[PDB]
Every structure is written in C-alpha cells, then in structure tokens.
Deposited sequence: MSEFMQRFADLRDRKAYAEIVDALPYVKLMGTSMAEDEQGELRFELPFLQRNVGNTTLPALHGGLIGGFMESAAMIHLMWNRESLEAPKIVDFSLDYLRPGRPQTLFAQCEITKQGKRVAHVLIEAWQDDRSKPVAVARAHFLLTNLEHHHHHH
C-alpha cells in the first residue's frame, strides 16, 4: 500500500480511489476544502442506489480520512461503525466530511456527517472507531 503515501502527497484524488471499491460503490468524488479536513462528494440521485443506503460510502470515507490524516504504515482496523439516516436525500450532490474526535495512542474516533444543502440538517451522521498501530 506504499502507493498510498505516494498518491496522498501527489493529491491524486481521481485514481487513489480508482483502485478502492467506493467508486465501484458510487461515483464518489474527493478533494479538500479550506483548512477543513478532507471532504467527499457523491452524486446522490439514483447509476442508482435504491434504498438510499450509504453505509458503505460513509464507512470507507471515515477509513480514508484516517489514513489520509495519518502515517500510511498499514490500513487502520475498524472496531465498530454506527449510522443514523435523518432525512431523505434530495436530487443534489451529497457532501461528506469526517472529523477525528478523540485520538489516543491506539484508538481513533471518527465522526462523519453527510449533508447537501444544510450541514445543520444533515442527511445522515455516522461514527466509527479504529484501532491503530501508531509507531509513535
């Protein structure tokens, strides 16, 4: 997975995901905002995903966010993941951004928010815990 550290520094968003199944999951787009942690995009419309399920997307975003914000040693290990669907999705692109809440030496806690028009009224909010092997 060395190519990762190589693709991060190169900001190769387009292909860094080309070879991960979240493009094979959706049409996720990916880039960075102003001083804000990594941000994701998905064309929430209908190539279609019925049921409006996004667990896979949310879960991988949280994983990617972690290894994008950390030492690309090995992929962190997920312990658990929870998701609440708050409101139906609209025919607008779906934005998502994660935040690392507590980050002890071996465990990182991630919060993922998915919204469209108002991040104050998110479409869904998720949370994930990962176990890390920080060589620190």
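Engineer: Where the model has no C-alpha, note the corresponding stretch of the deposited sequence, numbering from 1.
Structural biologist: 1 to 4, 51 to 58, 149 to 154 are the stretches of the deposited chain that have no C-alpha coordinates in the structure.
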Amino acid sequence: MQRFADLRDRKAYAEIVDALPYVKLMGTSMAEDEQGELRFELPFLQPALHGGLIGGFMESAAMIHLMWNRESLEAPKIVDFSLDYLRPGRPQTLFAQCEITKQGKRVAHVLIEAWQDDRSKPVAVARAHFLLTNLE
From here on, numbers count along this sequence of modelled residues.
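Engineer: Averaging the C-alpha B factors as listed in the entry, name the stretch that ends up higher: 35 to 43 or 53 to 61.
Structural biologist: Result: 35 to 43.
Engineer: Pick between 111 to 119 and 10 to 18: the one whose mean CA B-factor in the entry is higher.
Structural biologist: Stretch with the greater average CA B-factor: 10 to 18.
Engineer: For the C-alpha B-factor as written in the entry, point me to the maximum among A48, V79, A75, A96.
Structural biologist: The record points to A48.
Engineer: From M26, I100, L86, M67, pick the one with the largest CA B-factor in the entry?
Structural biologist: In the PDB entry, the greatest C-alpha B-factor among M26, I100, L86, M67 is found at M26.
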